[PDB]
Amino acid sequence: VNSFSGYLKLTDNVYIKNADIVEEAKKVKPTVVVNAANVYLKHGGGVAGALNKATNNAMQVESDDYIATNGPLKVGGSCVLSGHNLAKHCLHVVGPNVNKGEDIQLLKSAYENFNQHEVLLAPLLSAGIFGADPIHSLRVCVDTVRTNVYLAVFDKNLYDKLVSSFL
Ligand SMILES: CS(=O)(=O)NC(=O)[C@H]1CN(c2ncnc3[nH]c4cc(F)ccc4c23)CCO1
């Protein structure tokens with residue numbers, strides 16, 4: 001039993017809700033919140049900008065030190081950093097950004113990072129400003145993640161579409 005509330009169950013291990021991931025994180029304080037990161041950990045907009053704003057820019061300060069030490073992430077890769085006031089940990093995962101021409105096949109590699117964590121609160125990778133089809137992203141999630149994932153979808157119209165079209 002965990003504290004996630006109001007989710008629709010899609011599969012044995014995948015759950016979905018129309019929610020603001022920032023508000024969901026502040027209420028649940030999950031062990032892991034996933035950020036929709038880029039390779040530079042520049043949290044300017046989308047999910048990343050919202051998560052970082054909610055940390056009063058502490059996420060960005062920590063991220064800048066990470067990059068200065070380690071260099072950029074790989075597309076499809078991840079790193080574990082602090083969850084600040086939102087979660088114990090933040091798993092920064094880089095999905096491909098279609099608006100940069102990145103290979104959508106890397107989306108599966110991106111979701112594989114979730115399997116290193118037993119339970120996660122996450123957005124749909126490569127959705128939103130990353131330019132991928134969220135219905136495809138949900139399919140890859142379901143077919144790749146084996147650990148327990150709670151997906152927060154900000155847009156109510158999109159949430160209803162994802163549910164209605166789910167196979
Ligand atoms: C690869 S992405 O990060 O750019 N994907 C997207 O942006 C998708 C999904 N986004 C979110 N999903 C869940 N919770 C969210 N809180 C937010 C707060 C914001 F100020 C902006 C977006 C979100 C958001 C919504 C917009 O479209």
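Atoms considered below: every heavy atom in the structure, side chains included; atoms not considered: hydrogens, waters and symmetry mates. Counting convention: from 1, in listed order, for ligands and their atoms alike. Position 1 is the first residue of the sequence; numbering continues from there.
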Give the table of side-chain donor-acceptor pairs shorter than 3.5 Å for residues 121-133, with sequence neighbours excluded, one pair per line with atom names and distance.
unit_1, atom_1, unit_2, atom_2, d
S126, OG, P96, O, 2.7
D133, OD1, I135, N, 3.0

Quiz item: Can you pull the residues with any heavy atom under 4.0 Å from ligand 1?
Solution: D20, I21, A36, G46, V47, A50, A127, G128, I129, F130, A152, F154

Self-check item: Ring geometry between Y150 and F4 (parallel below 30°, tilted from 30 to 60°, perpendicular above 60°)
Solution: parallel

Practice problem: Compute the centroid of each ring, for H117 and then for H89, and state whether the two points are separated by less than 6.0 Å. | Solution: no

Exercise. Output yes when a side-chain donor or acceptor of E24 lies under 3.5 Å from a complementary backbone atom of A19, and no otherwise.
Key: no

Quiz item: Any side-chain heavy-atom pair from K53 and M59 closer than 4.5 angstrom?
Solution: no

Quiz item: Distance only, no hydrogens: is a donor on one side chain within 3.5 Å (strictly under) of an acceptor on the other, for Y7 and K17?
Solution: no

